[PDB]
Amino acid sequence: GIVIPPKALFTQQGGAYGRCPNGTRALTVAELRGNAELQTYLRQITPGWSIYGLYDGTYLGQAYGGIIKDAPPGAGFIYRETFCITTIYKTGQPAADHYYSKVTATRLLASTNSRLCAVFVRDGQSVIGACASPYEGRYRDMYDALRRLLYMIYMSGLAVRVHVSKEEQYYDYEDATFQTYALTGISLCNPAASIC
Amino acid sequence: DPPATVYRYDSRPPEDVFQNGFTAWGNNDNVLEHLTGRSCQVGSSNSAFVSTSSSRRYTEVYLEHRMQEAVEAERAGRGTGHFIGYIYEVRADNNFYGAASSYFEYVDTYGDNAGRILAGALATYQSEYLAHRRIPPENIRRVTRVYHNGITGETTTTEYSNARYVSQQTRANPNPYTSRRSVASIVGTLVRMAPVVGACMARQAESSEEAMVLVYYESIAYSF
Amino acid sequence: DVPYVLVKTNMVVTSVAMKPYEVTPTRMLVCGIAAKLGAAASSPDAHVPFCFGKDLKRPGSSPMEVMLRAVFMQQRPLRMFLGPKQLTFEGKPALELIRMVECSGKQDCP
Amino acid sequence: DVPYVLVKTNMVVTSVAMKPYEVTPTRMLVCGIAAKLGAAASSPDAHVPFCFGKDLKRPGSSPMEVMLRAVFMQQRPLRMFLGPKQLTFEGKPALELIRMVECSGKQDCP
Amino acid sequence: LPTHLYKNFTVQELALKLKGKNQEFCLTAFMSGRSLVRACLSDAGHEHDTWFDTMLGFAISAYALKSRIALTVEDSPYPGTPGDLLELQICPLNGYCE
Amino acid sequence: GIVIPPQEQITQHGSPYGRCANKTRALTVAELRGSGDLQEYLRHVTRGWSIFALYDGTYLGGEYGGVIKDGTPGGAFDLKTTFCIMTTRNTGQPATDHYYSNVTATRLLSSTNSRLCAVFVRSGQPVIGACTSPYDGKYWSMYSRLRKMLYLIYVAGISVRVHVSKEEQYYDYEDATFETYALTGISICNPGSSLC
Ligand SMILES: CC(=O)N[C@H]1[C@H]([C@H](O)[C@H](O)CO)O[C@@](OC[C@H]2O[C@@H](O)[C@H](O)[C@@H](O)[C@H]2O)(C(=O)O)C[C@@H]1O
Ligand SMILES: CC(=O)N[C@H]1[C@H]([C@H](O)[C@H](O)CO)O[C@@](OC[C@H]2O[C@@H](O)[C@H](O)[C@@H](O)[C@H]2O)(C(=O)O)C[C@@H]1O
């Protein structure tokens with residue numbers, strides 16, 4: 001089951017023609033379809049007969065009954081109004097070391113002036129998503145160091161324990177079956193040293 | 001559990017393969033040298049190993065990319081734009097030893113300074129299995145032909161099967177192949193670029209039917 | 001330019017280039033040529049020019065810059081969100097790349 | 001901390017890592033594990049952790065990173081000057097590195 | 001500034017040195033039949049210009065990757081003197097630049 | 001052959017726990033032994049029944065005479081004071097392009113807050129050593145670029161022609177059978193190429 005962008009992240013200023021402004025990303029339907037409140041927020045903000053672009057489908061103004069009509073990627077971009085969401089959630093959870101071991105890095109994703117990210121996977125099952133940006137983030141200064149290693153573990157088939165803080169939840173990935181948080185540190189697995 | 005079946009991408013066709021199998025370039029049965037490309041290096045090829053991979057997926061992507069290379073060639077005006085690849089299904093008996101185990105073992109027998117890190121990182125990423133000496137027709141139980149017309153975007157799959165294929169229940173040998181310490185001065189792990197592929201595996205696939213750019217994995221494992 | 005955001009898919013970055021941002025001196029352009037995997041050399045998506053700006057004031061390497069470099073050497077399929085804006089790599093125009101995600105598989109990348 | 005500087009020889013770094021400096025956000029560690037050749041797994045020298053500081057204000061790579069990288073990638077053995085401080089990495093104490101030098105032969109790495 | 005383009009060439013020589021206060025790097029791009037293309041890049045004076053570093057790295061990776069490249073060198077004011085490099089492109093790994 | 005740190009390289013007060021301060025290093029036996037100026041400086045200032053730590057041994061001064069007892073690396077770090085030599089000598093010579101062709105970079109050295117050096121060989125025998133540092137040096141600028149090339153030739157095992165400035169002399173290496181100066185240029189050259 002996928003992870004659902006909390007209402008709050010709804011950009012009041014929608015992207016124009018599928019160009020979600022920087023740091024924001026096109027809301028998918030699987031997501032809007034899942035976020036009850038957002039839907040509900042919509043019924044009351046959507047003026048009569050307006051059509052809205054999404055990554056997947058289109059959302060028709062309540063005059064049309066207000067609908068999440070499916071559609072192909074970036075099809076709804078033909079329309080001005082595009083549903084975007086900011087990728088950063090200030091969780092409120094306390095800053096602390098959480099880590100998962102024996103994972104690998106995969107699925108590099110990169111916005112424009114936002115985080116570089118990756119999906120750490122253990123034995124096929126995706127485990128967690130981590131991100132690192134030199135522009136925003138409680139750790140924006142650790143980017144340059146981390147990015148360099150993120151990269152090495154990426155070309156090499158190297159397994160690692162990854163430390164992550166949950167004080168920031170990242171939604172750059174559309175329709176995920178895993179959570180994304182801020183990358184705090186990587187550590188090549190070393191069994192003998194008792195790391196993995 | 002050890003694998004039972006491995007794959008091997010090759011540019012040689014079934015009438016050839018089904019009847020003669022594959023045979024290693026040479027007698028150097030040194031794990032590290034092969035694992036690091038040294039024994040498959042252009043004009044230094046002598047590994048007593050036939051590369052295979054327990055991951056079809058792996059093979060599929062190499063081919064999937066080799067094919068694209070064609071298109072991009074014709075695009076520049078080098079190629080005819082067509083491609084023909086083969087992916088052979090092989091019965092991995094106890095004469096196929098894992099590259100992983102074998103590497104990690106040669107290391108915990110000679111010393112961490114005796115083996116280069118990436119070269120083992122690489123052996124894991126290829127799920128390479130070392131068919132020691134030769135891999136006979138009897139084990140090749142199938143093949144998948146891949147024709148592509150990059151001009152018209154047509155990909156054609158077709159599976160022929162070996163008659164000579166002998167069926168028996170086997171699995172790759174669990175005990176790693178053990179080599180003596182290398183003597184060679186290895187510089188780094190030679191590996192073919194985009195996508196990364198083992199100089200043996202990537203190089204044994206080519207035959208007579210230009211020079212392959214082999215690069216040192218380490219020279220770029222860390223960005224410049 | 002184009003009026004809206006294209007979203008290619010199963011694109012592999014096939015070539016990279018670094019060029020000066022003819023208009024602005026604090027920046028330069030990282031340009032590339034993505035191309036839908038498999039597609040016939042004839043297809044429209046068999047040769048897609050793109051570029052993105054890199055600010056020459058901040059040190060280091062923008063995330064896109066690191067991914068572009070990682071997915072290039074590894075030739076991994078993406079989901080480029082291209083346009084709407086366009087720059088001019090190779091004299092001919094080229095669309096600005098504004099986001100890119102690796103393809104997980106047929107599900108997100110058809 | 002530890003009493004005095006330890007000087008280990010014939011070490012090869014087998015892991016490598018990064019984490020933050022629990023004291024400040026203006027610095028961060030760059031831990032790693034080193035092993036001494038010959039040393040049996042019972043020996044404590046077959047698993048010697050360490051770390052160094054990296055200033056997050058001076059962008060770029062320290063000479064010690066640049067070396068670490070090179071000697072790691074290459075499995076070069078080394079003379080390491082660790083102590084007297086201990087730093088925490090992977091929830092355990094690890095000897096701060098202050099200087100290291102690649103091993104030339106037994107003549108300097110006994 | 002008669003600029004030129006040289007495609008499907010390889011980097012045969014790579015070198016970083018000093019030139020007065022400023023430093024510069026140069027490359028010999030070469031094509032078998034054809035001659036040598038020597039192009040250099042120096043400190044832009046203006047400091048912040050990540051350019052030199054960036055362009056330098058890029059060139060190193062080209063050198064490193066052993067790939068063909070496409071260079072757009074401006075023109076050398078006096079014979080013998082390498083031209084000033086203004087554009088660098090790494091040709092599809094294993095293939096050629098179209 | 002050992003290069004002997006000139007007398008003045010020495011710190012006024014030796015250092016504790018074997019932790020020779022930043023930018024300085026443990027003095028050696030074979031180095032103190034060869035230094036007359038030094039042995040004299042020492043005895044002419046060593047009181048009591050005092051013994052000192054040397055990287056590879058001990059120095060019994062004062063009432064003990066001025067004896068240089070052999071030892072083990074770091075062994076004498078047991079003591080109260082280790083004699084430290086400074087590594088940076090401002091040679092005060094001319095900025096002339098001394099170059100050494102056909103060399104290969106080896107034996108990397110790094111230390112906290114100091115320089116990164118390499119012993120450039122040829123036929124196994126050394127030739128020169130050079131370093132780069134971002135903190136101290138005339139060519140602090142050049143470090144960023146130099147590290148890059150240095151790294152390549154190193155792992156690659158690339159043969160090169162190195163360029164140094166003798167304006168700075170370095171005592172970073174223990175028992176230097178060769179000199180050590182400021183790195184100024186590295187060239188992946190073609191024999192006789194005008195690029196070297
Ligand atoms: C945030 C957190 O729970 N971190 C755990 C982590 C996760 O539970 C794990 O990623 C889930 O897969 O587990 C850690 O231990 C490793 C692993 O060891 C197995 O034997 C065990 O069955 C797993 O539950 C898990 O503990 C990890 O780093 O992955 C520890 C960490 O605290
Ligand atoms: C400072 C200086 O003297 N640099 C010389 C250099 C060094 O002496 C050399 O690197 C160490 O031996 O020699 C240079 O010439 C190399 C050249 O020397 C001949 O004598 C020899 O017959 C040749 O084979 C060849 O090695 C050099 O750059 O290496 C000249 C340089 O100015």
# chains A, B, ... in the order shown; residues from 1 in each chain; ligands from 1
$ residues_around --residues "segment 177-180 of chain A" --least-positions-apart "2" --cutoff "9 Å" --atoms "only C-alpha atoms" --output "JSON, numbers by chain"
{"A": [1, 2, 3, 117, 118, 119, 126, 127, 128, 129, 130, 131, 166, 168, 169, 170, 171, 172, 173, 175, 182]}
$ interface_residues --of "chain D" --to "chain B" --cutoff "12 Å" --atoms "only C-alpha atoms" --output "PDB file with N, CA and C atoms, in the first residue's frame"
ATOM      1  N   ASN D  10      50.844  -1.829   8.895  1.00  0.00           N
ATOM      2  CA  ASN D  10      50.210  -2.865   8.071  1.00  0.00           C
ATOM      3  C   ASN D  10      48.694  -2.973   8.196  1.00  0.00           C
ATOM      4  N   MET D  11      48.050  -1.812   8.242  1.00  0.00           N
ATOM      5  CA  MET D  11      46.594  -1.725   8.342  1.00  0.00           C
ATOM      6  C   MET D  11      46.078  -1.476   6.930  1.00  0.00           C
ATOM      7  N   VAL D  12      44.865  -1.944   6.672  1.00  0.00           N
ATOM      8  CA  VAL D  12      44.188  -1.783   5.381  1.00  0.00           C
ATOM      9  C   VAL D  12      42.796  -1.380   5.804  1.00  0.00           C
ATOM     10  N   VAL D  13      42.258  -0.332   5.213  1.00  0.00           N
ATOM     11  CA  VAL D  13      40.928   0.076   5.644  1.00  0.00           C
ATOM     12  C   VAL D  13      39.926  -0.799   4.928  1.00  0.00           C
ATOM     13  N   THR D  14      39.046  -1.452   5.662  1.00  0.00           N
ATOM     14  CA  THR D  14      38.090  -2.303   5.003  1.00  0.00           C
ATOM     15  C   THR D  14      36.647  -1.815   4.913  1.00  0.00           C
ATOM     16  N   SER D  15      36.325  -0.797   5.687  1.00  0.00           N
ATOM     17  CA  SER D  15      35.013  -0.206   5.598  1.00  0.00           C
ATOM     18  C   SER D  15      35.379   1.222   5.335  1.00  0.00           C
ATOM     19  N   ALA D  34      39.880  -0.453  10.207  1.00  0.00           N
ATOM     20  CA  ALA D  34      41.116  -0.881   9.595  1.00  0.00           C
ATOM     21  C   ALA D  34      41.477  -2.228  10.141  1.00  0.00           C
ATOM     22  N   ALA D  35      42.201  -3.011   9.368  1.00  0.00           N
ATOM     23  CA  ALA D  35      42.601  -4.331   9.822  1.00  0.00           C
ATOM     24  C   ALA D  35      44.097  -4.434   9.685  1.00  0.00           C
ATOM     25  N   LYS D  36      44.720  -5.175  10.594  1.00  0.00           N
ATOM     26  CA  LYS D  36      46.155  -5.361  10.534  1.00  0.00           C
ATOM     27  C   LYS D  36      46.384  -6.717   9.922  1.00  0.00           C
ATOM     28  N   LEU D  37      47.275  -6.790   8.955  1.00  0.00           N
ATOM     29  CA  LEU D  37      47.545  -8.077   8.342  1.00  0.00           C
ATOM     30  C   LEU D  37      48.023  -9.075   9.393  1.00  0.00           C
ATOM     31  N   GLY D  38      47.833 -10.364   9.118  1.00  0.00           N
ATOM     32  CA  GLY D  38      48.260 -11.414  10.037  1.00  0.00           C
ATOM     33  C   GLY D  38      47.369 -11.595  11.248  1.00  0.00           C
ATOM     34  N   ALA D  39      46.965 -10.475  11.837  1.00  0.00           N
ATOM     35  CA  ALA D  39      46.112 -10.482  13.012  1.00  0.00           C
ATOM     36  C   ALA D  39      44.904 -11.412  12.828  1.00  0.00           C
ATOM     37  N   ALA D  40      44.737 -12.330  13.774  1.00  0.00           N
ATOM     38  CA  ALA D  40      43.616 -13.256  13.753  1.00  0.00           C
ATOM     39  C   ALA D  40      42.367 -12.509  14.232  1.00  0.00           C
ATOM     40  N   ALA D  41      41.182 -13.020  13.900  1.00  0.00           N
ATOM     41  CA  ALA D  41      39.920 -12.376  14.285  1.00  0.00           C
ATOM     42  C   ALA D  41      39.740 -12.257  15.784  1.00  0.00           C
ATOM     43  N   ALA D  46      42.412  -6.656  14.347  1.00  0.00           N
ATOM     44  CA  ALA D  46      41.787  -7.051  13.094  1.00  0.00           C
ATOM     45  C   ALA D  46      40.496  -6.261  12.902  1.00  0.00           C
ATOM     46  N   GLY D  60      34.901  20.860  -0.043  1.00  0.00           N
ATOM     47  CA  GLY D  60      35.910  20.167  -0.822  1.00  0.00           C
ATOM     48  C   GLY D  60      36.447  18.985  -0.076  1.00  0.00           C
ATOM     49  N   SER D  61      37.469  18.342  -0.612  1.00  0.00           N
ATOM     50  CA  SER D  61      38.007  17.200   0.097  1.00  0.00           C
ATOM     51  C   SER D  61      39.370  17.376   0.745  1.00  0.00           C
ATOM     52  N   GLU D  65      40.924  12.599   3.232  1.00  0.00           N
ATOM     53  CA  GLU D  65      39.808  11.928   2.590  1.00  0.00           C
ATOM     54  C   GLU D  65      40.469  11.386   1.324  1.00  0.00           C
ATOM     55  N   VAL D  66      40.956  12.321   0.504  1.00  0.00           N
ATOM     56  CA  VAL D  66      41.613  12.035  -0.756  1.00  0.00           C
ATOM     57  C   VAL D  66      42.553  10.861  -0.634  1.00  0.00           C
ATOM     58  N   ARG D  69      40.345   7.494   0.427  1.00  0.00           N
ATOM     59  CA  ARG D  69      39.708   7.017  -0.756  1.00  0.00           C
ATOM     60  C   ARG D  69      40.678   6.154  -1.557  1.00  0.00           C
ATOM     61  N   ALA D  70      41.796   6.758  -1.953  1.00  0.00           N
ATOM     62  CA  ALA D  70      42.813   6.079  -2.741  1.00  0.00           C
ATOM     63  C   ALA D  70      43.365   4.791  -2.138  1.00  0.00           C
ATOM     64  N   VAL D  71      43.701   4.837  -0.875  1.00  0.00           N
ATOM     65  CA  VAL D  71      44.255   3.671  -0.250  1.00  0.00           C
ATOM     66  C   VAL D  71      43.215   2.612  -0.002  1.00  0.00           C
ATOM     67  N   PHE D  72      41.954   3.025   0.115  1.00  0.00           N
ATOM     68  CA  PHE D  72      40.831   2.102   0.354  1.00  0.00           C
ATOM     69  C   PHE D  72      40.575   1.319  -0.921  1.00  0.00           C
ATOM     70  N   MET D  73      40.252   2.087  -1.972  1.00  0.00           N
ATOM     71  CA  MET D  73      39.956   1.577  -3.318  1.00  0.00           C
ATOM     72  C   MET D  73      41.030   0.618  -3.740  1.00  0.00           C
ATOM     73  N   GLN D  74      42.245   0.937  -3.337  1.00  0.00           N
ATOM     74  CA  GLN D  74      43.366   0.126  -3.681  1.00  0.00           C
ATOM     75  C   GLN D  74      43.830  -0.920  -2.665  1.00  0.00           C
ATOM     76  N   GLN D  75      43.224  -0.995  -1.476  1.00  0.00           N
ATOM     77  CA  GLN D  75      43.665  -1.957  -0.440  1.00  0.00           C
ATOM     78  C   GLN D  75      45.160  -1.884  -0.105  1.00  0.00           C
ATOM     79  N   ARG D  76      45.611  -0.645   0.042  1.00  0.00           N
ATOM     80  CA  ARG D  76      46.964  -0.294   0.388  1.00  0.00           C
ATOM     81  C   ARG D  76      47.038  -0.474   1.878  1.00  0.00           C
ATOM     82  N   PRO D  77      48.179  -0.952   2.401  1.00  0.00           N
ATOM     83  CA  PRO D  77      48.319  -1.138   3.840  1.00  0.00           C
ATOM     84  C   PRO D  77      48.817   0.203   4.361  1.00  0.00           C
ATOM     85  N   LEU D  78      48.806   0.396   5.671  1.00  0.00           N
ATOM     86  CA  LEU D  78      49.282   1.673   6.171  1.00  0.00           C
ATOM     87  C   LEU D  78      49.750   1.809   7.628  1.00  0.00           C
ATOM     88  N   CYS D 103      52.284   2.179   3.679  1.00  0.00           N
ATOM     89  CA  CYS D 103      53.417   1.325   3.935  1.00  0.00           C
ATOM     90  C   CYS D 103      54.298   1.053   2.700  1.00  0.00           C
TER      91      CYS D 103
END
$ select_by_dssp --residues "chain D" --states "strand (DSSP E or B)" --output "number ranges by chain"
D: 6-13, 17, 19-21, 24-29, 32-36, 48-51, 53-55, 78-89, 92-102
$ residues_around --residues "segment 44-53 of chain F" --least-positions-apart "2" --cutoff "12 Å" --atoms "only C-alpha atoms" --output "MDAnalysis selection string"
(chainID D and resid 4:5) or (chainID F and resid 12:20 25:29 32 36:42 55:84)
$ write_last_selection --atoms "C-alpha atoms" --output "PDB file, in the first residue's frame"
ATOM      1  CA  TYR D   4      48.729   8.186  24.407  1.00  0.00           C
ATOM      2  CA  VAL D   5      48.949   8.039  20.564  1.00  0.00           C
TER       3      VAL D   5
ATOM      4  CA  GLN F  12      60.850  24.493  21.362  1.00  0.00           C
ATOM      5  CA  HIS F  13      58.843  22.293  23.772  1.00  0.00           C
ATOM      6  CA  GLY F  14      58.500  18.641  22.827  1.00  0.00           C
ATOM      7  CA  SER F  15      55.022  17.201  22.965  1.00  0.00           C
ATOM      8  CA  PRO F  16      52.897  14.930  25.241  1.00  0.00           C
ATOM      9  CA  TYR F  17      51.445  11.393  24.931  1.00  0.00           C
ATOM     10  CA  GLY F  18      53.342  10.949  21.693  1.00  0.00           C
ATOM     11  CA  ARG F  19      50.870  13.433  20.079  1.00  0.00           C
ATOM     12  CA  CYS F  20      53.148  15.677  18.130  1.00  0.00           C
ATOM     13  CA  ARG F  25      55.877  15.356  13.522  1.00  0.00           C
ATOM     14  CA  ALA F  26      57.836  12.946  15.676  1.00  0.00           C
ATOM     15  CA  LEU F  27      61.597  13.282  15.170  1.00  0.00           C
ATOM     16  CA  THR F  28      63.372  10.039  14.272  1.00  0.00           C
ATOM     17  CA  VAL F  29      66.392   8.248  15.617  1.00  0.00           C
ATOM     18  CA  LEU F  32      68.579  12.758  15.256  1.00  0.00           C
ATOM     19  CA  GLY F  36      75.017  17.072  14.836  1.00  0.00           C
ATOM     20  CA  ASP F  37      73.433  20.544  15.279  1.00  0.00           C
ATOM     21  CA  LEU F  38      70.500  18.789  16.853  1.00  0.00           C
ATOM     22  CA  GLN F  39      72.257  16.402  19.278  1.00  0.00           C
ATOM     23  CA  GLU F  40      74.113  19.445  20.487  1.00  0.00           C
ATOM     24  CA  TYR F  41      70.988  21.567  20.738  1.00  0.00           C
ATOM     25  CA  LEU F  42      69.523  18.752  22.848  1.00  0.00           C
ATOM     26  CA  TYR F  55      59.118   8.161  16.637  1.00  0.00           C
ATOM     27  CA  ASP F  56      61.331   5.052  16.588  1.00  0.00           C
ATOM     28  CA  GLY F  57      63.165   5.324  19.936  1.00  0.00           C
ATOM     29  CA  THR F  58      64.404   7.140  23.020  1.00  0.00           C
ATOM     30  CA  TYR F  59      66.637   9.999  24.025  1.00  0.00           C
ATOM     31  CA  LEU F  60      68.326   9.809  27.403  1.00  0.00           C
ATOM     32  CA  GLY F  61      69.603  13.331  28.012  1.00  0.00           C
ATOM     33  CA  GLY F  62      70.778  15.410  30.971  1.00  0.00           C
ATOM     34  CA  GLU F  63      72.558  13.262  33.547  1.00  0.00           C
ATOM     35  CA  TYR F  64      72.267  10.288  31.194  1.00  0.00           C
ATOM     36  CA  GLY F  65      74.611  12.045  28.818  1.00  0.00           C
ATOM     37  CA  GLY F  66      72.811  12.404  25.511  1.00  0.00           C
ATOM     38  CA  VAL F  67      72.268   8.833  24.502  1.00  0.00           C
ATOM     39  CA  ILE F  68      70.138   7.767  21.547  1.00  0.00           C
ATOM     40  CA  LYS F  69      68.697   4.413  22.434  1.00  0.00           C
ATOM     41  CA  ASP F  70      67.099   2.558  19.523  1.00  0.00           C
ATOM     42  CA  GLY F  71      63.508   1.451  19.707  1.00  0.00           C
ATOM     43  CA  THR F  72      60.134   0.629  18.265  1.00  0.00           C
ATOM     44  CA  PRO F  73      57.688   2.879  16.377  1.00  0.00           C
ATOM     45  CA  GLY F  74      55.398   4.684  18.733  1.00  0.00           C
ATOM     46  CA  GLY F  75      56.973   2.627  21.543  1.00  0.00           C
ATOM     47  CA  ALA F  76      58.398   5.554  23.420  1.00  0.00           C
ATOM     48  CA  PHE F  77      55.054   7.341  23.215  1.00  0.00           C
ATOM     49  CA  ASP F  78      54.784   5.842  26.734  1.00  0.00           C
ATOM     50  CA  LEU F  79      56.712   8.882  28.022  1.00  0.00           C
ATOM     51  CA  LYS F  80      56.113  12.443  28.910  1.00  0.00           C
ATOM     52  CA  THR F  81      57.694  14.111  25.948  1.00  0.00           C
ATOM     53  CA  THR F  82      58.279  13.243  22.317  1.00  0.00           C
ATOM     54  CA  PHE F  83      60.600  15.463  20.339  1.00  0.00           C
ATOM     55  CA  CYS F  84      58.822  17.044  17.397  1.00  0.00           C
TER      56      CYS F  84
END
$ residues_near_ligand --ligand "ligand 1" --cutoff "9 Å" --atoms "only C-alpha atoms and all ligand atoms" --output "PyMOL selection string"
chain A and resi 97-103+122+127-128+161-164+195-196
$ write_last_selection --atoms "N, CA, C and O atoms" --output "PDB file, in the first residue's frame"
ATOM      1  N   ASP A  97      18.966   8.935  15.499  1.00  0.00           N
ATOM      2  CA  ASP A  97      19.510   7.913  14.630  1.00  0.00           C
ATOM      3  C   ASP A  97      18.627   6.699  14.522  1.00  0.00           C
ATOM      4  O   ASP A  97      18.336   6.049  15.529  1.00  0.00           O
ATOM      5  N   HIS A  98      18.193   6.429  13.293  1.00  0.00           N
ATOM      6  CA  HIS A  98      17.398   5.268  12.945  1.00  0.00           C
ATOM      7  C   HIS A  98      18.234   4.756  11.766  1.00  0.00           C
ATOM      8  O   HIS A  98      18.782   5.545  11.005  1.00  0.00           O
ATOM      9  N   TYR A  99      18.352   3.454  11.602  1.00  0.00           N
ATOM     10  CA  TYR A  99      19.145   2.951  10.510  1.00  0.00           C
ATOM     11  C   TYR A  99      18.681   1.588  10.106  1.00  0.00           C
ATOM     12  O   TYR A  99      18.059   0.880  10.892  1.00  0.00           O
ATOM     13  N   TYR A 100      18.990   1.227   8.872  1.00  0.00           N
ATOM     14  CA  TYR A 100      18.601  -0.066   8.347  1.00  0.00           C
ATOM     15  C   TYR A 100      19.847  -0.590   7.718  1.00  0.00           C
ATOM     16  O   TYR A 100      20.563   0.157   7.064  1.00  0.00           O
ATOM     17  N   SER A 101      20.124  -1.858   7.907  1.00  0.00           N
ATOM     18  CA  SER A 101      21.325  -2.388   7.353  1.00  0.00           C
ATOM     19  C   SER A 101      21.118  -3.404   6.257  1.00  0.00           C
ATOM     20  O   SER A 101      20.024  -3.900   6.055  1.00  0.00           O
ATOM     21  N   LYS A 102      22.204  -3.674   5.537  1.00  0.00           N
ATOM     22  CA  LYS A 102      22.257  -4.617   4.426  1.00  0.00           C
ATOM     23  C   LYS A 102      21.495  -4.174   3.202  1.00  0.00           C
ATOM     24  O   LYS A 102      21.149  -4.987   2.340  1.00  0.00           O
ATOM     25  N   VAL A 103      21.282  -2.875   3.098  1.00  0.00           N
ATOM     26  CA  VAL A 103      20.565  -2.342   1.978  1.00  0.00           C
ATOM     27  C   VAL A 103      21.533  -1.904   0.893  1.00  0.00           C
ATOM     28  O   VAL A 103      22.752  -1.915   1.114  1.00  0.00           O
ATOM     29  N   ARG A 122      16.638  -3.926   0.355  1.00  0.00           N
ATOM     30  CA  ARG A 122      17.220  -5.118   0.926  1.00  0.00           C
ATOM     31  C   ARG A 122      16.614  -6.310   0.183  1.00  0.00           C
ATOM     32  O   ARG A 122      15.409  -6.336  -0.089  1.00  0.00           O
ATOM     33  N   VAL A 127      13.399  -1.051   1.052  1.00  0.00           N
ATOM     34  CA  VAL A 127      13.304  -0.769   2.498  1.00  0.00           C
ATOM     35  C   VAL A 127      13.066   0.691   2.841  1.00  0.00           C
ATOM     36  O   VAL A 127      12.049   0.998   3.453  1.00  0.00           O
ATOM     37  N   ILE A 128      13.976   1.590   2.482  1.00  0.00           N
ATOM     38  CA  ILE A 128      13.707   2.998   2.757  1.00  0.00           C
ATOM     39  C   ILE A 128      14.268   3.980   1.747  1.00  0.00           C
ATOM     40  O   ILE A 128      15.209   3.674   0.999  1.00  0.00           O
ATOM     41  N   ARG A 161      24.860   0.202   5.767  1.00  0.00           N
ATOM     42  CA  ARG A 161      23.912   0.502   6.807  1.00  0.00           C
ATOM     43  C   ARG A 161      23.711   1.986   6.515  1.00  0.00           C
ATOM     44  O   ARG A 161      24.663   2.695   6.199  1.00  0.00           O
ATOM     45  N   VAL A 162      22.486   2.462   6.593  1.00  0.00           N
ATOM     46  CA  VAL A 162      22.267   3.859   6.336  1.00  0.00           C
ATOM     47  C   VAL A 162      21.552   4.417   7.525  1.00  0.00           C
ATOM     48  O   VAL A 162      20.679   3.769   8.102  1.00  0.00           O
ATOM     49  N   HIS A 163      22.032   5.562   7.967  1.00  0.00           N
ATOM     50  CA  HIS A 163      21.452   6.261   9.086  1.00  0.00           C
ATOM     51  C   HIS A 163      20.534   7.320   8.512  1.00  0.00           C
ATOM     52  O   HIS A 163      20.862   7.996   7.521  1.00  0.00           O
ATOM     53  N   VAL A 164      19.380   7.457   9.139  1.00  0.00           N
ATOM     54  CA  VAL A 164      18.409   8.410   8.697  1.00  0.00           C
ATOM     55  C   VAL A 164      17.710   9.055   9.858  1.00  0.00           C
ATOM     56  O   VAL A 164      17.498   8.453  10.897  1.00  0.00           O
ATOM     57  N   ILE A 195      28.879  -4.538  11.656  1.00  0.00           N
ATOM     58  CA  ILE A 195      28.101  -3.429  11.144  1.00  0.00           C
ATOM     59  C   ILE A 195      26.850  -4.000  10.482  1.00  0.00           C
ATOM     60  O   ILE A 195      25.740  -3.504  10.672  1.00  0.00           O
ATOM     61  N   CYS A 196      27.033  -5.085   9.750  1.00  0.00           N
ATOM     62  CA  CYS A 196      25.918  -5.719   9.088  1.00  0.00           C
ATOM     63  C   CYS A 196      26.021  -7.231   9.277  1.00  0.00           C
ATOM     64  O   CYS A 196      27.151  -7.737   9.485  1.00  0.00           O
TER      65      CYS A 196
END
$ closest_residue --among "C:102, C:2, C:8, C:59" --to "chain F" --atoms "only C-alpha atoms"
C:59
$ residues_near_ligand --ligand "ligand 2" --cutoff "12 Å" --atoms "only C-alpha atoms and all ligand atoms" --output "PyMOL selection string"
chain F and resi 96-104+120-123+125-129+160-166+178-179+181+187+189+191-192+196
$ atom_distance --atom1 "atom CA of residue 144 of chain F" --atom2 "atom CA of residue 183 of chain F"
12.1 Å
$ residues_around --residues "residue 81 of chain E" --least-positions-apart "2" --cutoff "12 Å" --atoms "only C-alpha atoms" --output "list in words"
residues 26, 37, 38, 39, 40, 74, 75, 76, 77, 78, 79, 83 and 84 of chain E; 194 and 195 of chain F
$ residues_around --residues "residue 194 of chain A" --least-positions-apart "4" --cutoff "10 Å" --atoms "only C-alpha atoms" --output "compact mmCIF listing (two decimals) with N, CA, C and O atoms, in the first residue's frame"
# COMPACT_ATOMS: atom_id res chain seq x y z
N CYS A 189 28.89 -1.76 4.90
CA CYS A 189 28.69 -2.90 5.76
C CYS A 189 30.02 -3.60 5.99
O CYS A 189 30.88 -3.65 5.10
N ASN A 190 30.22 -4.03 7.23
CA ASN A 190 31.40 -4.77 7.62
C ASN A 190 30.90 -5.68 8.71
O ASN A 190 30.55 -5.26 9.81
N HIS D 47 40.17 -5.38 13.84
CA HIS D 47 38.97 -4.59 13.70
C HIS D 47 39.15 -3.22 14.35
O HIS D 47 38.41 -2.84 15.25
N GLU D 90 29.23 4.37 15.03
CA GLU D 90 28.45 3.16 15.05
C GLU D 90 28.21 2.77 16.49
O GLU D 90 28.25 1.59 16.85
